[PDB]
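*Asks:* The structure under discussion is supplied below as structure tokens; questions concerning it will follow.
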Ligand SMILES: *Cc1cc2c(cc1C)nc1c(=O)[nH]c(=O)nc-1n2C[C@H](O)[C@H](O)[C@H](O)COP(=O)(O)OP(=O)(O)OC[C@H]1O[C@@H](n2cnc3c(N)ncnc32)[C@H](O)[C@@H]1O
Ligand code: HEM
Ligand code: SF4
Ligand code: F3S
Ligand code: FES
């Protein structure tokens, strides 16, 4: 009803998100001459990327000599061969240019004796295609590189006539016969509802780590764009692939950077024995995030846990020089003292694996375009793009590399812009939605605003969070996942018993957090059903009933005299997850991963192998 | 949208709104640096008021300075009561003087950390009391 | 059990005839994270979900949760609750701001001021950008330390009485420090003109070195010291 | 363009240090030239000081212009009055002196 005033807007392009991904897309579209809106539920600078610390990968070769193709090999390997190689070529080749793009904007990178950008070692990175030892290509601004990445882009963004909708909350896509026409949004300030319409729509809403009880991510990481793609009956991809960062702080779960381990910091069990020497003799505590995280967890279950409760590990830095901790790691020094009372220079940080990054999300081309799945084949969704943690081009595959998401952001925000600037022209027929479009998003809004049920928003949130934490952690088993599943499906049913207290139009955060819950649940459902269906161990998804990496071949031996497994008989394939919103039923399907690169001649396909560090 | 337009719209929305101002002086923690800036204002104001009273009376009032002194002498010059007027005349002077130097050192770029602020502050107070007792004694 | 009292600034723009009052809550610190935001989130989640405030990061880099806690402006996620039970936590929104709805203050003007000083690298010849990395010595880089770390949380400006009285025309410590941040960044070419943007009685010169700003900054920064450094550049630049 | 506000600011500090130089010098060497300098500096420093106070607290177009004028009048009068006092009376230094051996 028109209790809610509808206000119609008309743009060439909309970007939903104002993190690095969001910003780079927004002002990239404007630079290209497109009259561009940007919808964000937070003042741009508040977005999660400020929290980023360790750095941004790029083979500038500032410390030693490097090759982007080396970064390529590292990433596909990192991804455990669930990584779409075409997107990983595009990204790694672009990587130097994207980081020079930032520094030339004014990013205050830490420096070397040469005056070039300082880069450091990071988890999972090598020279000469895995054979040449440790690589140093993580570009950084001390251990606060996300903060200044975001503020420099934000700074830049002010040079263009991009229309910003600050503290507006996107509810759904404006969808018409499979084509995306824009977004419908609640203006938090005055409760008003706004249809922003455009030829092209970019979703850059980041991840959904808040599905968990313990996560390094912000309170605002509630998978809201992932949620929107879903209610449009579009698939999400690889949602069960949830990265646990090895070194989250014991108390408040706040991130302590991989940079620590990259700068010489050590992981230690209660015996004092540097245990990563045991699990990965070559890479040690500079191995993959899925492996290090998995090795940490196993040291706990086996009684080598630290502290009174025996439930954590130790990140020793105190052996490094104070002046190195001061210059390289002033941020973590600060927050380890604030949250744990720990002096990094005297005592070790208490650390524990904690949910960090969603490598799953909205499937796309390497060009940024959202894919749907028709008759087991890829189909580009007209007018819909996605980038950053929200998306899934699967450049990260089964396990993200450290300092690759900040890269992901700047490369694919740029890509969505170019794809638009190359496929149409500013001023073109902005397609017209029905006068009654986005009707149901309002009805939903109204039912949630006046909700007088049995269960408060926050109580159902914690229910979901602790259920996801106990049933979909580091290691999972069939039975635990199964109990986990119906438990989440029960909680989806419990949504109809929701209670809201706030009746106001202005800043009804009670209400937005409820819309957020609706979003978190759809991300939860898909993460858990998809997880229970995948009967293998690959990357972050470790099954204790299926320890094997199940490919088309047994890739340990040469593949010659061997039968290639049919598509529906193996697991080297992306999960495509759907949900019927009316009953919360999860349907699931699969598409192949892209193995060929953009050019074999310039960048050779790395076939699957037994992957260890 | 320009920075200027954003400023126009901010003020247009808020002035024509039912929105309240968030409490400020009524709620902010009193600190010595702050009190000392306020008194620098106040002392500065009291002094100009004095200097103006003095020049204006040289223009608007009859007789010479000597004559108005004899008027003060005929009030009957209380010993410590005269020291009191002297003190209360030179106390604002010295305060503003010393704190004024401290201001100049700030303009140079020095003493601008919270430790230096509390120390130099205390010092100014101590110099004020001592030069105020000494000057009234002369 | 350990019961701590909280008194928080209230106002509802949607309730007719409501004025700014103080609502009191009570939180068992046994069952609560050690920080003020933990408390805020806890009362919101368990006692009253009308309590409206900004938050995101939980670790103090986003700058969302800035507010006047017990006299001073800081971030609620970074300041510990006073374990002293004989004291009641008085919580208010940032000083001298239009309250949209309790604790949530209109920062449009704040952000607009930031925009007004062009906080980005400016080059005379912009035609080579994106091609090669600009060189900057380790020494030249250091000059940015204690300046780039700003969160745009607004604690400082919102504490400057000069910003209270003169919020319209006076840019304030947060913004001024960022002007300076760009002024001494050796890669920037527009120092002389960034200075000239301040040549009026208001934008900068409403600072009388009061120093609430530096004294209150949740991040250990020194806006006042930087204003000083600006003022000496203004007095000394040539043209 | 014009770099006026920075000049005014600097000017202020110049007379500030000047006023601070004068006070001890006036004590040690009390003459007439020291009486006028003190009058000049005292009222000029004073004039610019209230200037700042006015510009801080007096909000509005024609209402500030007015104070700025009221203060202008006040200063000129203050300065003349002291100048008169120096020429046709005892003089600042000697007045302070008389006042003090009391
Ligand atoms: C948690 C974390 C992650 C992290 C890191 C440190 C921490 C503590 N350090 C990293 C690093 O050093 N190097 C690196 O490569 N990655 C690092 N990460 C991961 C990384 O930060 C994230 O993957 C990445 O920043 C995600 O950024 P993205 O731009 O894609 O998304 P976002 O920054 O989280 O912000 C989301 C934006 O979307 C808007 N939004 C969300 N929902 C809505 C709705 N409902 N309506 C309108 N707008 C919405 C938000 O406003 C925000 O702008
Ligand atoms: C020689 C000793 C003195 C010194 C070193 C001095 C210095 C200063 C300085 C540096 C300021 C600037 C304050 C700021 O930045 O906010 C100031 C303010 C001021 N001064 Fe003085 N001064 C002295 C004596 C006097 C006297 C005798 C008077 C009056 C007759 C006076 C009148 C004022 C006024 C009215 C202000 C403005 C108050 C404010 O803006 O906060 N000063 N003084
Ligand atoms: S200088 Fe400090 S108080 Fe001011 S906005 Fe920056 S972080 Fe906040
Ligand atoms: S509180 Fe202030 S008046 Fe200047 S020194 Fe800081 S901005
Ligand atoms: S919420 Fe990020 S600063 Fe407190």
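Protein chains in written order, with the working numbering: chain A, 1 to 613; chain B, 1001 to 1138; chain C, 2001 to 2239; chain D, 3001 to 3102. Cβ atoms here follow ideal geometry from the backbone N, Cα and C, with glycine treated the same way.
In the DSSP assignment, find the alpha helix (DSSP H) that holds residue 400 (chain A) and state where it starts and stops.
*Replies:* Run containing residue 400 (chain A): none; DSSP gives neither H nor E here.
*Asks:* By the DSSP assignment, the beta strand (DSSP E) with residue 2021 (chain C) in it spans what residues?
*Replies:* Run containing residue 2021 (chain C): 2021 to 2028, per the beta strand (DSSP E) assignment.
*Asks:* By the 10 Å Cβ neighbour count, where 16 or more other Cβ atoms means buried, how is residue 376 (chain A) classified, buried or exposed?
*Replies:* Classification for residue 376 (chain A): exposed.
*Asks:* Just the C-alpha distance for residue 2148 (chain C) and residue 264 (chain A), rounded to the nearest angstrom, thanks.
*Replies:* Whole-angstrom Cα-Cα distance: 26 Å.
*Asks:* How far does the beta strand (DSSP E) with residue 358 (chain A) in it extend, from its first residue to its last?
*Replies:* Run containing residue 358 (chain A): 349 to 358, per the beta strand (DSSP E) assignment.
*Asks:* Use the C-beta contact count for residue 78 (chain A): other C-beta atoms within 10 angstroms, 16 or more gives buried, fewer gives exposed.
*Replies:* Buried, because 16 or more other Cβ atoms sit within 10 Å of the Cβ of residue 78 (chain A).
*Asks:* When every heavy atom of ligand 2 is checked, does at least one fall within less than 6 Å of the C-beta of residue 3050 (chain D)?
*Replies:* Yes, the Cβ of residue 3050 (chain D) comes within 6 Å of a heavy atom of ligand 2.
*Asks:* By a C-beta neighbour count over all protein chains shown, 10 Å radius and 16 as the cutoff for buried, is residue 2223 (chain C) buried or exposed?
*Replies:* So residue 2223 (chain C) ends up on the buried side.
*Asks:* Cβ closer than 8 Å: which chain D residues qualify as neighbours of residue 2166 (chain C)?
*Replies:* Result: 3056.
*Asks:* Using the C-alpha atoms, what's the distance from residue 2092 (chain C) back to residue 2066 (chain C)?
*Replies:* Answer to the nearest angstrom: the Cα atoms are 10 Å apart.
*Asks:* Given that a residue counts as buried once 16 or more other Cβ atoms are within 10 Å of its Cβ, and exposed if not, what is residue 563 (chain A)?
*Replies:* The residue in question, residue 563 (chain A), is exposed, as its Cβ has fewer than 16 Cβ neighbours within 10 Å.
*Asks:* With a cut-off of 5 Å, give the chain-ordered residues whose Cβ is closer than this to any heavy atom of ligand 3.
*Replies:* The answer, residue by residue, is C:2150, C:2151, C:2153, C:2155, C:2156, C:2174, C:2217, C:2219, C:2221, C:2223.
*Asks:* Going along chain D, which residues have a C-beta under 9 Å from residue 2092 (chain C)?
*Replies:* Result: empty, since nearest Cβ-Cβ is about 24 Å, beyond 9 Å.
*Asks:* Would residue 442 (chain A) and residue 4 (chain A) qualify as a contact pair, given that the criterion is a beta-carbon distance under 7 Å?
*Replies:* Cβ distance < 7 Å, so residue 442 (chain A) and residue 4 (chain A) count as in contact.
*Asks:* Looking at C-alpha atoms only, which residue of A:113, A:410, A:511, A:468 is the closest neighbour of residue 456 (chain A)?
*Replies:* Nearest of A:113, A:410, A:511, A:468 to residue 456 (chain A), Cα basis: A:511.
*Asks:* Whose CA, out of C:2131, C:2096, C:2082, lies closest to the CA of residue 2155 (chain C)?
*Replies:* Of C:2131, C:2096, C:2082, the residue nearest in Cα terms is C:2096.
*Asks:* Going by alpha carbons, who is nearest to residue 3078 (chain D) out of D:3087, D:3092, D:3043?
*Replies:* With distances taken between Cα atoms, residue 3078 (chain D) lies closest to D:3043.
*Asks:* Around the Cβ of residue 403 (chain A), are there at least 16 other Cβ atoms within 10 angstroms (buried) or fewer (exposed)?
*Replies:* Classification of residue 403 (chain A): buried, given that the 10 Å Cβ count is 16 or more.
*Asks:* For residue 518 (chain A), is the beta carbon positioned less than 6 Å from some heavy atom of ligand 1?
*Replies:* Checking every heavy atom of ligand 1 against the Cβ of residue 518 (chain A), none is found closer than 6 Å.
*Asks:* What are the residues that DSSP puts in a beta bridge with residue 585 (chain A)?
*Replies:* BP columns for residue 585 (chain A) point to A:580.
*Asks:* Among A:201, A:499, A:43, A:532, which one has its Cα closest to the Cα of residue 478 (chain A)?
*Replies:* Among A:201, A:499, A:43, A:532, the Cα nearest to that of residue 478 (chain A) is on A:532.
*Asks:* Which residues in chain A sit within 8 Å of residue 2078 (chain C), going by Cβ to Cβ distance?
*Replies:* Here the neighbours are 338.
*Asks:* What residue ranges within the stretch 249 to 319 of chain A form continuous beta strand (DSSP E) runs of no fewer than 3 residues, ordered along the chain?
*Replies:* Counting whole runs of 3 or more residues, the stretch 249 to 319 of chain A contains the beta strand (DSSP E) stretches 266 to 268, 313 to 316.
*Asks:* I'd like to confirm something about residue 163 (chain A): is its beta-carbon nearer than 6 Å to some heavy atom of ligand 1, or not?
*Replies:* It does not: the Cβ of residue 163 (chain A) is nowhere closer than 6 Å to a heavy atom of ligand 1.
*Asks:* Quick check on DSSP: helix, strand or coil for residue 2097 (chain C)?
*Replies:* Reduced to three states, the DSSP call for residue 2097 (chain C) is coil.
*Asks:* Contact criterion: CB-CB distance below 7 Å. Does residue 3028 (chain D) meet it with respect to chain B?
*Replies:* Residue 3028 (chain D) does not count as touching chain B.
*Asks:* Using alpha carbons as the reference points, say which of C:2214, C:2200, C:2122 lies closest to residue 3008 (chain D).
*Replies:* Closest option to residue 3008 (chain D), Cα to Cα, is C:2200.
*Asks:* Any idea what DSSP makes of residue 219 (chain A), helix, strand or coil?
*Replies:* Residue state, collapsed to three classes: coil.
*Asks:* Using three-state DSSP, classify residue 430 (chain A) as helix, strand or coil.
*Replies:* DSSP places residue 430 (chain A) in coil when its eight states are reduced to three.
*Asks:* For residue 43 (chain A), report the span of its alpha helix (DSSP H) as first-last.
*Replies:* Careful: residue 43 (chain A) lies outside any alpha helix (DSSP H) and carries neither H nor E.
*Asks:* Does the distance from the CB of residue 523 (chain A) to the CB of residue 223 (chain A) come in under 7 Å?
*Replies:* For residue 523 (chain A) and residue 223 (chain A), yes; Cβs fall inside 7 Å.
*Asks:* Confirm, please, whether the CB-CB distance from residue 3047 (chain D) to residue 3016 (chain D) is below 7 Å.
*Replies:* No, Cβ-Cβ distance for residue 3016 (chain D) and residue 3047 (chain D) is not below 7 Å.
*Asks:* For the stretch 2095 to 2106 of chain C, enumerate the residues whose C-beta is nearer than 8 Å to any C-beta of chain B, in chain order.
*Replies:* Per Cβ criterion, the list reads 2095, 2096, 2097, 2098, 2099, 2100, 2105, 2106.
*Asks:* For the alpha helix (DSSP H) containing residue 1993 (chain C), name the first residue and the last one.
*Replies:* The question about residue 1993 (chain C) has no answer here: the residues shown for chain C are numbered 2001 through 2239.
*Asks:* In the DSSP assignment, what are the bridge partners of residue 2008 (chain C)?
*Replies:* Residue 2008 (chain C) pairs with C:2023, C:2091.
*Asks:* For residue 1103 (chain B), is the beta carbon positioned less than 6 Å from some heavy atom of ligand 2?
*Replies:* Yes, Cβ of residue 1103 (chain B) sits closer than 6 Å to a heavy atom of ligand 2.
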